[PDB]
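Below, each chain spelled out in residue letters.
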8 protein chains.
Amino acid sequence: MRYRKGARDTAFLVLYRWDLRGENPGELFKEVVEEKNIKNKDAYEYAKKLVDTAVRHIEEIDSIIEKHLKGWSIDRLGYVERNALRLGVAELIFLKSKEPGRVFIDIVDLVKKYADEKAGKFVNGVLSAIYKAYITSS
Amino acid sequence: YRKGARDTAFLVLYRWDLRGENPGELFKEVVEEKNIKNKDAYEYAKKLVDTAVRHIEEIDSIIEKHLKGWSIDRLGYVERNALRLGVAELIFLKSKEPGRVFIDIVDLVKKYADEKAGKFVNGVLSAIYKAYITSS
Amino acid sequence: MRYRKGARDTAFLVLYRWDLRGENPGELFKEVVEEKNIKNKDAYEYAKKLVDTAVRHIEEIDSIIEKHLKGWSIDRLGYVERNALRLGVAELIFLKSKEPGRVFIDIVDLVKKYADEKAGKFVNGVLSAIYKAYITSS
Amino acid sequence: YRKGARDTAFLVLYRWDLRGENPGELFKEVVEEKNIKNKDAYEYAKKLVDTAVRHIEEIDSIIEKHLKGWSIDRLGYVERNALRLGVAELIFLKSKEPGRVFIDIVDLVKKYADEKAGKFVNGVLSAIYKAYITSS
Amino acid sequence: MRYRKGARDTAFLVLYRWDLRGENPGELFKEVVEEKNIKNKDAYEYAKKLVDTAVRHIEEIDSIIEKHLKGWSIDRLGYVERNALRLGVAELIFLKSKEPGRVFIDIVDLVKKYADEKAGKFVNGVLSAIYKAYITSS
Amino acid sequence: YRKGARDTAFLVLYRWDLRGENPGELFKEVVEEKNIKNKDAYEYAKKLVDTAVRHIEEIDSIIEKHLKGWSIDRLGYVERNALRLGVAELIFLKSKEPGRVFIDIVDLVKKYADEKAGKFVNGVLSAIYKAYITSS
Amino acid sequence: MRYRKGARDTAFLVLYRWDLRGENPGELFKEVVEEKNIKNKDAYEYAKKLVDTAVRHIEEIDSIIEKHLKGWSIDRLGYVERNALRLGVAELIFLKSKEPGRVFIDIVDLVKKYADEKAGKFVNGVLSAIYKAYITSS
Amino acid sequence: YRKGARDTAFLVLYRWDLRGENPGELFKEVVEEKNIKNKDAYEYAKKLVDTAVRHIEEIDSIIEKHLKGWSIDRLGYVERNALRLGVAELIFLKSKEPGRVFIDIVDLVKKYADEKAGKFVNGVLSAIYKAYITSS
RNA sequence: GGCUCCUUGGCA
RNA sequence: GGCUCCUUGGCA
RNA sequence: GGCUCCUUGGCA
RNA sequence: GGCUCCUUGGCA
RNA sequence: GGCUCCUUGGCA
RNA sequence: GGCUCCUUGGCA
RNA sequence: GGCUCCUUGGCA
RNA sequence: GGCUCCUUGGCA
RNA sequence: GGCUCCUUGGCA
RNA sequence: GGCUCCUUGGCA
RNA sequence: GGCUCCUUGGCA
RNA sequence: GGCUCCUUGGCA
RNA sequence: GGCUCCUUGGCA
RNA sequence: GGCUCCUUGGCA
RNA sequence: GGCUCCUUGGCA
RNA sequence: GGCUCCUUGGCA
RNA sequence: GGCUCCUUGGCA
RNA sequence: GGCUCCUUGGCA
RNA sequence: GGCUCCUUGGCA
RNA sequence: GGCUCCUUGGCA
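Asker: Tell me about unusual backbone geometry, residues and numbers included.
Answerer: In this structure, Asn35 of chain B is a non-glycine residue whose phi angle is positive, near 55°. Residue position: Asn35 of chain B is located in the loop between α2 (23-34) and α3 (39-54).

Listed below in structure tokens is the structure:
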């Protein structure tokens, strides 16, 4: 239902700081949850599942997105762009979201919010290409 | 352009006193998070953090002297680090705009804590500066 | 025999419309006969005799029923109640029906049919009182 | 509650066009015969009859125009009077429920005459209304 | 017959206000009857009998319901819940309703209406337990 | 959130002027009956009732002055108490949203009585407020 | 949008030096652009179009302004006044500016800046008369 | 009034050495651009330019001698022409205010180029003048 | 050198 | 060593 | 970037 | 979204 | 909802 | 038509 | 007879 | 009527 | 109308 | 305009 | 001193 | 000080 | 002292 | 909570 | 509940 | 020969 | 055909 | 799509 | 954005 | 920018 957006925001913060600060994912999860004053169970558990599905499988995801960068190493992107793409790939593919378009909207929203419009368009294009590659992979 | 630099430096010093890691990496992190564009803000904030880190023990002594008997370790991270930054710029960088420094610092205190801590930091800073004037 | 009920129905319609519409009794008789598709001679002639015995003697009848209304003017009743009482008095008294109870049953039936149950009980009571007054001159 | 009112009004108009007496007395007669209980049915039917009687000649003209050349006097009493009522309510009372008016009227035609007259009255009424739409 | 529901509603209002406002039961009965525009005799008299059977016997009833609250004092419930339970016990037990299920339906309906769903479920459970205790008192 | 508070206060004042019991208990009763959830509505309505009860005689005087010669005791409970509440909030609480107060009050009058009383209360309230503007 | 003022300044320099130094318009354009450190494309192209529209049509313009000098030969004016009037006529008439008043403000500003107040008033009056003559063909 | 005349003359000589056109026309252009009002400034600057143009080759020789082996064609236009003007006024016009000439010239060098060229021109000019003193 | 001041050059 | 006003030019 | 005025759309 | 409002309903 | 009075269907 | 119910319709 | 909620539409 | 979010262009 | 900004000059 | 530090003038 | 016309700073 | 204004800090 | 827009978070 | 769209049932 | 309707009845 | 009411079922 | 009450889940 | 709401921030 | 009250600047 | 002053600079 509705908790999904908040869960995605939390997960994005956790991944962003995990990449940037190199701190433990669980500890950063505690930090983000405490500072955001998260209470409701669904959002908490969904965010935890998102973060866990992002951390486990991280390299597979990195490879997946690095395939669509046209030979460009993933460190050549922005922190926001990169991590948001990671979360997006995790949710869309690894958890097989039944609401792909919704995930697109929310993710792109997060990218616009934390970075800017152009980053949003970039992430949108890349992730769209990735999902187009995924859906017809079967 | 100095205000944002002061906010930066404050956050960096805060994370240093909290986590305990290397100030440079923390600086990189804070800079990355707030998206610092302007060059002067970067340079300035960096100079602030460096100045604070080099003189840190002397700064702590100067602050503790005006704490009215308190141990500096017992202050809140916000008050303590804001006082650190304030003393750093006012004394060791010899800021030619002390009033503005007081402004920015106290405002920072009121942002990340209650105004109750704001007037306190203002008072301690005032005492420290008044002592610094008659020092030399 | 059997034609009596139909004759009574026809006569009742004729009287009801005579009182209500103020139209000529003979013309209304033609109307009712034509619209009911009456054919059989006995019913036709019996209905005609009923209507004629109702029209001639009408005021005498009105007085008779008005005696049993306990001072109440006859216009204070319903059209159905009034006219049915008129027909009933005509048949019972003026033609001296040899089948009084039968006339009662049929008349009360007509009253229930064209108005309602309570009107039927009312007409029944009134007409019964009238006939009780009529039979004992002895 | 409108249906019974329409049946009432139809019977009244019919007896008016037939006998030729005063519409009010006829209305009283019809009301007495069918035993009208509800107030709204009475009021409504009365308004219908009044509206029809006031505008009667104009109504006859409007109807006759769509008769395809026929004289309105040559129509059956049922068809003619039902058309009268229909035109009265649809046009002069500006009914906001035209479809329902068509329904009730045509049904009335099918009750007191064959459906053969029903489709006819439906057609004439449809033509009249379609003309009324583009009138103003 | 049908007047029972209305009677129960009236009685419930009277009890609710009797408990809340502390005003005289008869006066409040007059108030509720006047404001609801109650006319029909059966509803009036039935409501009066319900209220009277509720007021007289009130403490006995209170004890009865307080037995099933598992040691919980009756003032710990809501006004609606409490008073509706009082009326329910009065009707089911003291007047020995021959239509227990009907009383259940109507009472629970009143509880849902004046409070909420959960209050309805609560009252339902409690009253059901009470009636289960009553029927096998034989 | 103010509207429900005004309805509350109105009902409370009404029951006070009617029964004559203690306003606090009546307030508890009304609050219990309407199931007030929100805190601000409770607090507000309570402040309204208190303000009205404290200043009640002065309020009655102010209202009676604009009644055009009538005795305030001769007004309907609805009109009288609604005027009481209106004057209380508009004058003694110095409401910064007078138009909205007029709205809510007049609406309350139209709910528990005819609109005929509504325009009247609106007029009296308008006169009172216009007088209050030029008072100080 | 905003580039217009800068374009007008550049054009004015080019015309002033074209009249004074007699050097090639394109070369002087290169000089002014290089020395002003002009980069943004809109300003560059707009200035180029202004200069080109001034050079081509130059004699027509000269005649136009010479009509409003009341028989006075155009060489009797100042360099600033003359050339600014040329640019003004070019922009207002030949390019048909949709922002005439704006052009007036900027041109008069340039005249005040490079010469003095009185020159500004003079140019203002003359150019205003010219535009008044231009706008009314009917 | 001499300073502006020197700036004028410098610009004129510069444009001469750059473009290669006739010094008189260039003088007219520069005078027109800077809006020279005062008569003495005009006359003076004109005398400076004329004196420089007449003696130009001798001036170039004198300058080149003190260049420490450099070709005069390899100097920046600013340094070269400022030196030209300086030598012209100091030597051929026999200025009675040499210090002031040094001032104005060096300042002109610092305006249209970096001070790095300023000290250089000052040095060369000093050498040239010191040589001129012992010449006769 | 004890007063009131003014113009002005270089310079952190 | 720190500013004021303003001009031109580059971008949010 | 911030404020504000229209204007072409999709709106709440 | 959201007030006044001339009009027709829907649910209870 | 609540209130006033009358039908229909079906079950005893 | 003695009398209970279920589901609906219309109604001041 | 009197309420709660809500939809469409006519006008500012 | 008042309030407002975006979007296509042009302004203070 | 404003503000910041990457550059270069005139005035105090 | 302030201002740090060396100057040059010159007025009552 | 006197005379002709233009700046700068600061105060209303 | 009589006009047109702009930037901006603290504050109920 | 009363708002606008928006972000996050808790619930109907 | 309000509107609305499907969907699994019991329905009127 | 509730219209059209191809079909079979029931009651009167 | 023609009406009132009502049940089941075929189709939108 | 149109209207509608609840209920199991998923949406704007 | 909306509204209210228990919390905390950015913009005007 | 409004706004109460003390300010600082600065433009024609 | 309406208009008064104070102190200076340059100038036929």
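Asker: Which residues make up the protein's contact with RNA strand U, and what are the values?
Answerer: Residues and elements named next belong to chain A. Lining the immediate surroundings of RNA strand U are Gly6, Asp9, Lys36, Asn37, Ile38, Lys39, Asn40 and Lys113. A share of 100% of the atoms of RNA strand U within 4 Å of the protein falls on sugar and phosphate groups. Note that a phosphate oxygen of RNA strand U is positioned 3.2 Å from one of the backbone N or O atoms of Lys39.

Asker: Kindly report on the protein's contact with RNA strand M, identifying the contributing residues and their values.
Answerer: Residue and element names in this part refer to chain E. Near RNA strand M the following residues occur: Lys5, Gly6, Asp9, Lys36, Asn37, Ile38, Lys39, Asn40 and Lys113. When atoms of RNA strand M within 4 Å of the protein are split into backbone and base, the sugar-phosphate part holds 100%. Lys39 has a polar backbone atom sitting 3.1 Å from a phosphate oxygen of RNA strand M. Here the surface near RNA strand M takes three residues from helix α1 (residues 3-21), the largest share from any one element.

Asker: Could you give me a rundown of the interface of chain A and chain B, with the residues and numbers involved?
Answerer: Taken together, the contact pairs six residues of chain A with six residues of chain B. With both chains or domains summed, chain A and chain B bury close to 570 Å², and 45% of this area falls on carbon and sulfur atoms. Note that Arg21 of chain A is salt-bridged to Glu33 of chain B, the shortest N-O span being 2.7 Å. It is helix α1 (residues 3-21) of chain A that provides the largest number of residues to the side of chain A that touches chain B, a total of three residues. The class makeup of the residues in the side of chain A that touches chain B is four nonpolar, no polar and two charged.

Asker: How would you explain the arrangement of the chains if you had to name every residue and give the values?
Answerer: Ranking the four pairs of chains in contact by contact count places chains C and D at the top. Separated without contact, chain B and chain C have their nearest C-alpha atoms at a distance of 87 Å. Regarding chain B and chain D, the two do not touch, and the least distance separating their C-alpha atoms is 65 Å.

Asker: Give a description of the interface of chain C and chain D that names residues and reports values.
Answerer: The interface is formed by six residues belonging to chain C together with seven residues belonging to chain D. Both faces combined, the contact of chain C with chain D buries some 560 Å², and carbon together with sulfur accounts for 45% of it. Looking at the side of chain C facing chain D, the largest losses of area belong to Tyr16, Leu20 and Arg21 of chain C, adding up to 69% of the total buried there. The tally of links between chain C and chain D comes to two salt bridges. Linking chain C with chain D are three residue pairs in polar contact, by the criterion used here. Considering every element that reaches the side of chain C that touches chain D, the biggest residue donor is helix α1 (residues 3-21) of chain C, with three residues. For the side of chain C that touches chain D, a count of residues per class yields four nonpolar, no polar and two charged.

Asker: Go over the side chain of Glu79 of chain D, please, and point to the residues and values.
Answerer: Residue and element names in this part refer to chain D. Position of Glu79 relative to the elements: it lies in helix α5 (residues 77-92). Although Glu79 is buried, it forms no salt bridge, and the closest oppositely charged side chain is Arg80 at an N-O distance of 7.2 Å. Once you skip the residues sitting within four places of it in the chain, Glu79 turns out to touch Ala117 and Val121.

Asker: Describe helix α7 (residues 115-133) of chain B, listing the residues and the values that go with them.
Answerer: Residues and elements named next belong to chain B. Here α7 contains 19 residues, and its C-alpha end-to-end distance of 26 Å stays within 8% of the 27 Å for a straight helix at 1.5 Å per residue. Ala117, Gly118, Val121, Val124, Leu125, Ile128 and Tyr129 are the residues of α7 that are buried. Seen along its axis, α7 keeps its buried residues to an arc of 140°; they face one direction. Facing away from the buried surface of α7 by more than 90 degrees, the exposed residues are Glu115, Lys116, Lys119, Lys130 and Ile133.

Asker: Before we move on, can you summarise the environment of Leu48 of chain B with the specific residues and values?
Answerer: All names here are of chain B. Take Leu48: it is sitting in helix α3. In this structure, the C-alpha to C-alpha distance between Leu48 and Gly86, residues 38 residues apart in sequence, is 9.6 Å. Residues in contact with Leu48, not counting those within four places in the same chain, are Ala5, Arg6, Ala9, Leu85, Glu89 and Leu93.

Asker: Residues and numbers for the packing of aromatic side chains, please.
Answerer: Applying the stated criterion across every chain yields a total of 60 aromatic pairs over all chains. Taken together, the ring pairs connect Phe12, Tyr16, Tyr79 and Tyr114 of chain A into an aromatic cluster. Across the ring face of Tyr77 of chain B, the terminal group of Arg80 of chain B is positioned such that the distance to the ring centre comes to 4.6 Å. Over the ring of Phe29 of chain E we find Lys48 of chain E; its NZ or CZ atom is 4.7 Å from the centre of that ring.

Asker: Please give an account of the packing of helix α1 (residues 2-19) of chain F against helix α6 (residues 98-112) of chain F that cites residues and values.
Answerer: All names here are of chain F. With their axes 10 Å apart at the nearest point, α1 and α6 run at an angle of 50° to one another. Compared by their axis directions, α1 and α6 come out oblique. In terms of crossing hand, the pair formed by α1 and α6 is right-handed. Along its contact with α1, which presents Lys3, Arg6, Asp7, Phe10 and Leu11, the element α6 presents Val101, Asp104, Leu108, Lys111 and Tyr112. The residue makeup of the contact of α1 with α6, split by class, is five nonpolar, no polar and five charged.

Asker: So what's going on with the packing of helix α6 (residues 98-112) of chain B against α7 of chain B? Which residues, and what values?
Answerer: All names here are of chain B. Relative orientation of the contacting elements α6 and α7 amounts to 150°, with a least axis distance of 8 Å. As the angle between them shows, α6 and α7 are arranged roughly antiparallel. The hand of the α6/α7 crossing is right-handed. Contacts between α6 and α7 pair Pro98, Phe102, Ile105, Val106, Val109 and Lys110 from the former with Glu115, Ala117, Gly118, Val121, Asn122, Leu125, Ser126 and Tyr129 from the latter.

Here is what the cut-offs are and how they apply
Sequence order sets the numbers: each chain starts from 1, possibly unlike the entry numbering, and residues with no coordinates are not included. Each chain takes a letter, starting from A, and each ligand takes a number, starting from 1, following the order in which they are written. With hydrogens and water stripped out, all remaining heavy atoms of the structure feed into the side-chain values. Counting from the N terminus, the helices are DSSP H or I runs at least four residues long and the strands are E runs at least two residues long. When we say a residue is near a molecule or strand, we mean one of its heavy atoms is within 4 Å of it. Polar contacts, as counted here, are pairs of nitrogen or oxygen atoms within 3.5 Å of one another; within protein the pair requires one atom able to donate a hydrogen and one able to accept it, and residues that are adjacent in sequence qualify only if both atoms are side-chain atoms. A contact between two residues is defined here by any heavy atoms of the two lying within 4.5 Å. Summed over both partners, the accessible surface that disappears when two parts come together, traced with a 1.4 Å probe, is what is meant by buried area. A pair is scored as a salt bridge if a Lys or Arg side-chain nitrogen falls within 4 Å of a carboxyl oxygen belonging to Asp or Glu. In this classification, the charged set is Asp, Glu, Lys and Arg, the nonpolar set is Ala, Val, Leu, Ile, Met, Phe, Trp, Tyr, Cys and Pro, and all remaining amino acids, among them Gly, are polar. Only protein chains enter the accessibility calculation, which uses a 1.4 Å probe. A residue is then buried if its area is under 20% of the maximum for its type, exposed if over 50%, and partly exposed in between. Counted charges follow a simple rule, with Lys and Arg positive, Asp and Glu negative, and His plus the chain ends left uncounted. In this scheme, a helix's expected span is set at 1.5 Å multiplied by one less than its residue total. This arc is built from the directions going out from the helix axis to the C-beta atoms. Two rings from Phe, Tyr or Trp (for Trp, the six-membered ring) form a pair when their centres are within 6.5 Å of each other. A pair whose planes differ by under 30 degrees is stacked, one over 60 is edge-to-face, and the rest are tilted. Put simply, a charge is over a ring when the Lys NZ or the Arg CZ is close to the ring centre, within 6 Å, and near the line of the ring normal, within 35 degrees. Axes here refer to lines fitted to C-alpha atoms; in helices the fit is confined to the stretch in contact. Angles between the N-to-C directions go from 0 to 180 degrees. Relative orientations are named as follows: roughly parallel for angles under 35 degrees, roughly antiparallel for angles over 145 degrees, roughly perpendicular for angles from 65 to 115 degrees, and oblique for any other angle. Each crossing is labelled by how the near helix is turned from the far one, with a counterclockwise turn of less than a right angle marking it left-handed and a clockwise turn marking it right-handed.

Treat this as a map of the structure, not an account of what it does.
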